[PDB]
Amino acid sequence: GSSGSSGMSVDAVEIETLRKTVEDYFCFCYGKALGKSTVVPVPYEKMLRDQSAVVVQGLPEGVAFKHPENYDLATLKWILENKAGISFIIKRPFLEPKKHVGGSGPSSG
């Protein structure tokens, strides 16, 4: 058995929860500008190499569009604060093959 079991900080669940909120947002702005009825996952890996297909506005100073995990807890809060303003401009959809029709009806469980 364990003697001095050391869990995780209580505030930790915060810094982690914040990164998630920002992660989704980027998806909302991206999918929203596309004109779809659902959120789309922003391909950071791709956007990183090619920052033209989709632009990002409403960002702070001395910053650079990147994963919401690379930003310090401090910065993270900012994004969420001035998020309502953050916008996304789609210049062109990345190059990728479409997916064949399979099963409709997205659910959780």
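Residues numbered from 1 in each chain as written, not as in the entry; some residues may be left out. Heavy atoms only, no water.

By the method listed in its record, solution NMR, this PDB entry was determined.

Peer 1: Where do I start with the overall build of the chain in this structure?
Peer 2: Secondary structure summary: the chain contains three helices and two strands in total. When the backbone C-alpha atoms are referred to their principal axes, the chain occupies close to 55 × 40 × 25 Å. Considering the chain as a whole, with its 109 residues, one finds that 23% of them fall into the buried category. Expressed as a percentage of contacts within the chain between residues at least 6 apart in sequence, the contacts between residues at least 24 apart total 62%. Of the accessible surface of the chain, which amounts to about 8300 Å², a share of 50% is contributed by carbon and sulfur atoms. (Helix = DSSP H or I, 4+ residues; strand = E, 2+ residues; numbered from the N terminus. Buried < 20%, exposed > 50% of the residue type's maximum accessible area, 1.4 Å probe, protein only. Contact = heavy atoms within 4.5 Å. Areas by Shrake-Rupley, 256 points an atom, 1.4 Å probe, with all protein chains shown as cover.)

Peer 1: Would you mind showing me how to read the pairing of strand β1 (residues 54-57) here?
Peer 2: Strand residues, when the strand is regular, have side chains that alternate between the two faces of the sheet. Alternating residues of β1 divide into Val54 and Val56, all buried, and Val55 and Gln57, none buried. In the sheet, β1 pairs with strand β2 (residues 87-90) via four bridges, with the strands oriented antiparallel. Across the sheet, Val56 pairs through a bridge with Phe88, a residue of β2. (Pairing = 2+ DSSP bridges.)

Peer 1: It is not clear to me how the nonpolar core should be interpreted in this structure. Could you clarify?
Peer 2: Grouped burial of nonpolar side chains is what soluble globular proteins tend to show. In this structure, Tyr30, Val42, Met47, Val54, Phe65 and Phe88 are the most contacted members of the largest nonpolar core, which totals 21 residues. When contributions to this core are tallied by element, the ones reaching two or more residues are α1 (12-34), α2 (44-49), β1 and α3 (73-81). Counting residues per element, this core draws most heavily on α1, at six residues. (Core = buried A, V, L, I, M, F, W, Y, C linked by side-chain atoms within 4.5 Å.)

Peer 1: Quick question: what am I supposed to make of the environment of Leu95 here?
Peer 2: Position of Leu95 relative to the elements: it lies in the segment after β2. It is 33 Å that separates the C-alpha atoms of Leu95 and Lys77, two residues lying 18 residues apart in sequence.

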